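J.: Chains as they are written, first to last, in the authors' numbering: chain B, 2 to 92; chain A, 2 to 92; chain Y, 3 to 27, 27A to 27B, 28 to 95, 95A to 95B, 96 to 213; chain L, 3 to 27, 27A to 27B, 28 to 95, 95A to 95B, 96 to 213; chain X, 1 to 52, 52A, 53 to 82, 82A to 82C, 83 to 100, 100A to 100E, 101 to 129, 133 to 213; chain H, 1 to 52, 52A, 53 to 82, 82A to 82C, 83 to 100, 100A to 100E, 101 to 128, 132 to 213. Let me begin by handing over the structure; questions about it come next.
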Amino acid sequence: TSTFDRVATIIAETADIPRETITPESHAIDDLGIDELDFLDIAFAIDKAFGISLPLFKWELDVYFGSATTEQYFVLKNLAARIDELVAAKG
Amino acid sequence: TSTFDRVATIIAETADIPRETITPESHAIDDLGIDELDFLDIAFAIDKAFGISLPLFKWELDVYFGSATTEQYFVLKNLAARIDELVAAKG
Amino acid sequence: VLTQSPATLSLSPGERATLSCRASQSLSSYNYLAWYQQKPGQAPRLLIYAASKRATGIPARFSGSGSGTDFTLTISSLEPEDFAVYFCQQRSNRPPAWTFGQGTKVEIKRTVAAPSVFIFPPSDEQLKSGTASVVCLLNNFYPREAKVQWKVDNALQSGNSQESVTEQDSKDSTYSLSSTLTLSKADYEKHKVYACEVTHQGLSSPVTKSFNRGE
Amino acid sequence: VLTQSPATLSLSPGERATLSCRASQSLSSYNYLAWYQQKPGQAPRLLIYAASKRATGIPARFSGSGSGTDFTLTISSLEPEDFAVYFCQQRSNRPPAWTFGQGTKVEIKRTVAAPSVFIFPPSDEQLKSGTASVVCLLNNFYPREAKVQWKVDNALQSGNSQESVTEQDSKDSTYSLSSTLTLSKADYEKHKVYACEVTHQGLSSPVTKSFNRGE
Amino acid sequence: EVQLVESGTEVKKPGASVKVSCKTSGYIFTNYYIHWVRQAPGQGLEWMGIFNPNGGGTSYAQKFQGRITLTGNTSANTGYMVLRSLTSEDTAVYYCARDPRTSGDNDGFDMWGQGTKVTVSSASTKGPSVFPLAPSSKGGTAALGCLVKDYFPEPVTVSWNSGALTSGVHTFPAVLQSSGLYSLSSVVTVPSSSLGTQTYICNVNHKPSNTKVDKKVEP
Amino acid sequence: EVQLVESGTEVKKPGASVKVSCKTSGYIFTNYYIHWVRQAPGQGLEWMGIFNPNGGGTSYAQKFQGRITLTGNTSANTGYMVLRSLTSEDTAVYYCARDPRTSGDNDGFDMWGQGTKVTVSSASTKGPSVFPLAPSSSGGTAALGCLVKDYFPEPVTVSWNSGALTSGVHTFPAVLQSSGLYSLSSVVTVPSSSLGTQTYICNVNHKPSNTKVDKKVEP
Ligand SMILES: *[C@@H]1O[C@H](CO)[C@@H](O[C@@H]2O[C@H](CO)[C@@H](O[C@@H]3O[C@H](CO[C@H]4O[C@H](CO)[C@@H](O)[C@H](O)[C@@H]4O)[C@@H](O)[C@H](O[C@H]4O[C@H](CO)[C@@H](O)[C@H](O)[C@@H]4O)[C@@H]3O)[C@H](O)[C@H]2NC(C)=O)[C@H](O)[C@H]1NC(C)=O
Ligand SMILES: *[C@@H]1O[C@H](CO)[C@@H](O[C@@H]2O[C@H](CO)[C@@H](O[C@@H]3O[C@H](CO)[C@@H](O)[C@H](O[C@H]4O[C@H](CO)[C@@H](O)[C@H](O)[C@@H]4O)[C@@H]3O)[C@H](O)[C@H]2NC(C)=O)[C@H](O)[C@H]1NC(C)=O
């Protein structure tokens, strides 16, 4: 199973945007027409589909200090990887 | 007969669980979705069927101290072993 | 929190005893409660565990019951060795913790007996020391409740007396009480009439015993 | 900003405790709130995070709830070790920042007890040094709210007093307070009547204790 | 026969630390927890902490966290408790007790030690002063006794007429006075008619202080 | 055990800079932030700033911007705080606490240090004066005490009759006088009739001045 394609299906189900514009290299903010409240609804749906909690506060803190890039958390191919890590950490 | 299959029959008779989703490698709580109270009714039925008293609190306490794993008590293949040891201890 | 009610049970030998222990909050799904018996100078002894299970070697006259917040220990017929203090106990996990109730004393019921009251002046030997201990004795009374007041030249005293009570007598099951008034020799010599007044339900009115210093 | 209510909760062991925390704005920062417990001389201890998640090793009687502007910490049944101060805490990004509420004290409720009041003149020892300290003691009272007023020859004193208070006594759960009036030796020798007036809800009216310098 | 034996120094100074040993016998040490429970004078039972010989783990009551350390030596079948920064409110009888780790049978504190006393006090060992409680001059029954004052530590023993007089004797519990020393009285009722024919002597012993006193109590 | 330990020079002159160290152990240093929180006497907790060992980034509360610098040495598992231009208002207990950088479990200030004092004062070390609060004697109960005036720095300790007197003692928290020196009182209530049977002495210790005074309190 592709975690990205799972994530893209959730984004398409929530936002009024076509599935074909949702690509692995797309930034969830900045590249897709998605604002902060739309993303919180997407996060909630991600959190439930995968049984995890996206650590949105701590991720944004990490980027603020430069110890992480926006791309490693919010470009979709990388978001899929972060999700897999969270799911694995749940063990 | 195997002690596991006696336990699986008891679990299927007590809770909303089909008998063929009960496997030896199943964790009784995490893998089969058994609540606290359903497990107590199951423990009661195990206690009567084997003539023992499952020391549930003491097993939890054992796990708390790290002296034991959650798997050695509540994975069903292991729970069968624990039951057999309890039956021998009363002998 | 565990609350035991009442704190004292007064029963005759052979009577049925019902002791209560209630939890402030329901006792999990486990409903575990343990009962312990303690006599003076002895360690607690487990009677009941898991609310209803007798420990090995505990006489069958002890039985336990209850669930949720309400629990009871029952002694079907009190033997002389059963007049003791009883504690209930619960336990928890994450974190591990054990808590006790404050105990119920099962006491020997008997007929009312009025106290015999005696007052002792301080010895001359102690008065040399500069201290005067005046003692008022309440002997062989029942029940336990008793009030003792000191009057010095008819003035009520407070704060300078202390009282001690024995446990129930092994033969007649009565109580004895001492109240000790402690004074300087100087303060002892500034007054003449020392009086101990005892209130007890065995008496039709409070009784006073007194002496005059130097008589 | 976080606002905690009430400042003090007075409850008995076994009772349910509900503490409130309100934010300045609905918590934009993922509805996050943390609760901490602190005992005297001890570091704070994490109880709850993410409004509703219990920290490791925290008993199940602690629960957190709420969202947006209003949160609560609930202690379903108070154990003796739970009487302490509790703080709530929020966090935000842009820029990273954390703030604490001012704290709620959970204290032991008991019956009203009026203070015993005592006034102490400055020692002759101290007077040789050129300063005078007059002390007023409010002993073993409840609740904690008490007012002390000093008068020197019936003139109300202002700004020359300091007070401090004990924590709840481990036995009777009362408070005690001392107030110290600081005067110059010259000022003290030049006035006569020194009075401490104590207001407390256990009294029918404020009580005054005084002395005359030189008796 | 299963047993646990507490031991340790009783009299400790305020601010000191006490170490209590719990030596067990008659059972497999590693199959049971060791709980520590204390009882202050006249008060109830207070749980302090649990020790697990299987791995050495502990859980302390929050009241004593930081002040208490529970250990054990399995080959000696012995548990230990250290309690630091003692105060007068730690004066108590300290119990150790077993509780099975692996069984729902006898699932509780099923055996306890006899308890051992810890008295937290700065007082020096001192024998008692003994004073007569003389029977009054003003028939019937007469009361007399002895006041046993200002000793430390506990206990004293009192007998009457070297054990020949036992009926009617009431020896009161000791009281810790505000001075730091203990006091008690022992009394007895006798017939009035015996005051001129039978002598009465309290025999007061205080083992800690090299003191034995026999006080004749004259009418 | 995860542990954080604060350290630093306590007494600092106004206008000076203080450096506090937070030595951590038992966990991966680069996986947690270091927060600094302080608590003035009698007040609540006040957040000061966050330090990120991964990259050295910081964020300070507005109140301290320009006056505070947070640093770290990951090879030493140690965070540091420098607070400059100290005033009386900076006298507080200073804490460091950890906060996970990359986890959702215990997502809060999960472990804290014991705290270390910073006292911003021009005062020099000074031993107290000890004055009696004589009993001028509550229904057969008298009150007496000792006023422990004008010392620096904290603390002083007080016992009564070398510790033998415990019941009824109230030793109040120290107050900071306008002079910059501390003062506290200790009081006790006794049976009034014990004023002529018993000596009452307060034992006052101030270790920074090696002061140990025994003051008798007489009627
Ligand atoms: C952050 O915190 C870390 C950890 O504490 C600090 O790192 C230490 O820094 C000191 C000082 O720079 C280092 O000390 C130096 O270590 C060298 C290696 O010592 C070992 O190896 C030699 C042979 O290779 C042995 O002889 C020796 O016994 C050791 O086994 C020494 O060779 C150095 O000695 C020279 O310099 C000192 C002056 O510093 C002279 O006194 C000597 O005579 C000699 O000329 C020196 O002792 C230490 O090794 C570091 N420890 C670690 C664990 O890394 C950082 O400094 C600190 N950073 C900041 C910014 O605060
Ligand atoms: C827990 O309790 C156990 C049992 O009580 C206890 O075990 C004992 O430990 C001591 C000290 O380690 C052992 O004594 C040793 O015995 C060997 C064999 O005879 C000797 O060779 C040793 O001598 C050397 O060390 C001495 C100092 O200890 C020197 O004086 C000497 O010159 C040698 O260098 C030593 O005497 C003892 O045998 C055991 N006993 C048993 C039954 O195991 C253990 O120490 C306790 N542990 C703790 C942590 O309290």
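Where is the CB? At the ideal position from N, CA and C, for every residue including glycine.
Anyone know if the C-beta pair for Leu141 (chain H) and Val163 (chain L) falls short of 8 Å?
T.: Cβ atoms of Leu141 (chain H) and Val163 (chain L): not closer than 8 Å.
J.: The beta strand (DSSP E) spanning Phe122 (chain H) covers which residue range?
T.: 120–124
J.: Confirm, please, whether the CB-CB distance from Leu201 (chain Y) to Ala112 (chain Y) is below 8 Å.
T.: yes
J.: Can you name the residues of chain H whose CB is closer than 9 Å to the CB of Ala84 (chain L)?
T.: The contacting residues do not exist; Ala84 (chain L) stays about 13 Å from chain H at best.
J.: If I measure Cβ to Cβ from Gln27 (chain L) and keep anything under 8 Å in the same chain, skipping five residues before and after, which residues do I get?
T.: So the list reads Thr69, once near-sequence residues are dropped.
J.: Would the beta-carbon of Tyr30 (chain L) fall within 8 Å of that of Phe75 (chain B)?
T.: no
J.: Please name the residue in Y:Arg45, Y:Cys23, Y:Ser131 whose C-alpha comes closest to that of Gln100 (chain Y).
T.: Y:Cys23
J.: Compute the minimum distance between the beta carbon of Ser7 (chain L) and the heavy atoms of ligand 2, and state whether it is under 7 Å.
T.: no
J.: What residues in its chain sit with their C-beta under 6 Å from that of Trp60 (chain A), if we drop five residues either side in the sequence?
T.: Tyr74
J.: Would you check if there are 3 or more beta carbon pairs closer than 8 Å linking the segment 179–187 of chain L to the segment 124–141 of chain L?
T.: yes
J.: Quick check: is any heavy atom of ligand 2 less than 7 Å from the C-beta of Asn72 (chain X)?
T.: yes
J.: So, using beta-carbon positions, are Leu13 (chain Y) and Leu78 (chain Y) closer together than 8 Å?
T.: yes
J.: Pick from B:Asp6, B:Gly67, B:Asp48: whose alpha carbon is nearest that of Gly55 (chain H)?
T.: B:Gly67
J.: Short of 7 Å in beta carbon distance, which residues of its chain neighbour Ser82B (chain H), apart from the five on each side in sequence? Order them along the chain.
T.: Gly15, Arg66, listed in sequence order.
J.: If we call anything under 8 Å between Cβ atoms a contact, is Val85 (chain Y) one with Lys103 (chain Y)?
T.: yes
J.: Who does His200 (chain H) pair with in a DSSP beta bridge?
T.: H:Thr205
J.: Does the beta-carbon of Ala75 (chain X), which I'm using as the reference point, lie nearer than 7 Å to any heavy atom of ligand 4?
T.: This structure lacks ligand 4; its bound ligands are ligand 1 and ligand 2.
J.: Here's a check: name, in chain order, each residue in its chain whose Cβ is nearer than 7 Å to the Cβ of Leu80 (chain B), leaving out the five neighbours to either side.
T.: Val8, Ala29, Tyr74
J.: Within its chain, find whatever has a CB closer than 7 Å to the CB of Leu125 (chain Y); leave out the 5 residues flanking it on each side and keep chain order.
T.: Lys183.
J.: Terminal residues of the continuous beta strand (DSSP E) containing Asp144 (chain H)?
T.: 135–145
J.: Output, in chain order, the set of chain L residues within a Cβ distance shorter than 8 Å of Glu61 (chain B).
T.: Contact of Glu61 (chain B) with chain L by beta-carbon distance below 8 Å involves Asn93.
J.: Given that a residue counts as buried once 16 or more other Cβ atoms are within 10 Å of its Cβ, and exposed if not, what is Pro56 (chain A)?
T.: buried
J.: If you compare alpha carbons, which of H:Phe166, H:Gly190, H:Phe146 is closest to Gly174 (chain H)?
T.: For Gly174 (chain H), the nearest C-alpha among the options comes from H:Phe146.
J.: Distance cutoff 8 Å, beta carbons only. Does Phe51 (chain B) sit that close to anything in chain H?
T.: no
J.: In angstroms with no decimal places, state the Cα-to-Cα distance between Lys39 (chain Y) and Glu165 (chain Y).
T.: 11 Å
J.: Helix, strand or coil for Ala9 (chain B), going by three-state DSSP, please let me know.
T.: helix
J.: Contact check, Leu124 (chain H) vs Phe118 (chain L) under 8 Å by CB: the rounded distance?
T.: At roughly 4 Å, the Cβ-Cβ gap stays under 8 Å, so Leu124 (chain H) and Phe118 (chain L) are in contact.
J.: Please state if the CB of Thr183 (chain X) and the CB of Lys210 (chain X) are separated by a distance shorter than 8 Å.
T.: no
J.: To the nearest angstrom, report how far apart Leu4 (chain X) and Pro95A (chain Y) are at their CA atoms.
T.: 22 Å
J.: By how many angstroms is the C-alpha of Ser63 (chain L) removed from the C-alpha of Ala158 (chain H)?
T.: 44 Å
J.: On the DSSP bridge assignment, give the partners of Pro185 (chain X) in chain order.
T.: Answer is X:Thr135.
J.: Mind checking if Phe75 (chain B) is an interface residue toward chain L, Cβ cutoff 8 Å exclusive?
T.: no
J.: Determine which residues of the segment 119–153 of chain L have a Cβ less than 7 Å from any Cβ of chain Y, and write them out in chain order.
T.: none
J.: Indicate the three-state DSSP secondary structure (helix, strand or coil) for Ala112 (chain Y) in the structure shown.
T.: Under the three-state reduction of DSSP, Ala112 (chain Y) is assigned to coil, being neither helix nor strand.
J.: Using a 10 Å radius around the Cβ and a threshold of 16 neighbouring Cβ atoms, would you call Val81 (chain H) buried or exposed?
T.: exposed
J.: Would a C-beta distance cut-off of 8 Å place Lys117 (chain X) and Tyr79 (chain X) closer than the cut-off?
T.: No.
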